[PDB]
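need a structure here:
(one chain, ligands or ions: 1)
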Amino acid sequence: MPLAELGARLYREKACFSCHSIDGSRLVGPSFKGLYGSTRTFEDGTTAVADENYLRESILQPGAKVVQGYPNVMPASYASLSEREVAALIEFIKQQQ
Ligand code: HEC
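Numbering: from 1, shown residues only. I have put the structure below:
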């Protein structure tokens, strides 16, 4: 199955939808709309661009860098996602623009 399609399925099955919208609305977490390639500011005032590595780090190392003005509640369980699943989720995120 193509990665974007698997990533849409994982967005649902892995519960991302519960905290992250794809229509620009703020839920518990930030929307994925426009996320890839945007600049992020963290709780410490540092910034970074949301590139592939940042998305990967955000999913696989939850809680390591936290977007300012959000609670630090990314699930632990995603540290166990497989390489295909991470790649799929990222492909799905990149196309939310
Ligand atoms: C609520 C209990 C969450 C669930 C379920 C998922 N995420 Fe999350 N995420 C959440 C918050 C509150 C935040 C912001 C604080 C922080 O840790 O930075 C995030 C952040 C991310 C990011 C970075 C987003 C940005 O705007 O820079 C990514 C890429 C991300 N989250 C991905 C993600 C995926 C793919 C999830 C399902 C596997 C998922 N999150 C679930 C809260 C919650």
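
Now for residue 68, how many residues are close by?
For residue 68, the neighbour count with other Cβ atoms under 10 Å is 12. C-betas here are computed from N, CA, C, even on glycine.

tell me the phi and psi of it?
With angles defined as degrees, to the nearest 10, residue 68 sits at phi -60, psi 140.

who's in contact with it?
41, 42, 43, 45 (Cβ atoms under 8 Å, 6 or more residues apart in numbering).

Closest one to the ligand out of these, please.
residue 42 (7.4 Å; Cβ to the nearest ligand atom).

Can you verify my assumption that the closest one contacts residue 48?
Yes - here residue 42 reaches residue 48: they are 7.5 Å apart, a contact under Cβ atoms under 8 Å.

Give the intersection of the neighbour lists for these two.
Contact with both residue 42 and residue 48 is made by residues residue 65, according to Cβ under 8 Å, 6+ apart.

what about the closest residue to residue 87 other than its chain neighbours, distance to residue 85?
For residue 87, ignoring the flanking residues on the chain, the nearest one in space by Cβ to Cβ, 6 or more residues apart in numbering is residue 3 at 5.6 Å. According to Cβ to Cβ, to the nearest Å, residue 3 stands 10 Å off from residue 85.

try residue 39
The value you get for residue 39 to residue 85, if Cβ to Cβ is used, is 26 Å.

Residue 10 now?
6 Å.

what's the answer for residue 21, then?
20 Å.

Mind checking which of these two has more residues around it?
Ranked by neighbour count (other Cβ under 10 Å), residue 21 and residue 85 place residue 85 first, with 19 against 16.

The ligand contacts on this structure?
Selection of the chain residues close to the ligand by Cβ under 6 Å from any ligand atom yields 14-16, 18-20, 28-30, 35, 40, 50, 55, 58-59, 66-67, 70-75, 78, 89.

same thing but at 8 Å, please
10-11, 14-20, 27-32, 35, 38, 40, 42, 50, 54-55, 58-59, 62-63, 65-67, 70-75, 78, 81, 89, 93 (Cβ under 8 Å from any ligand atom).
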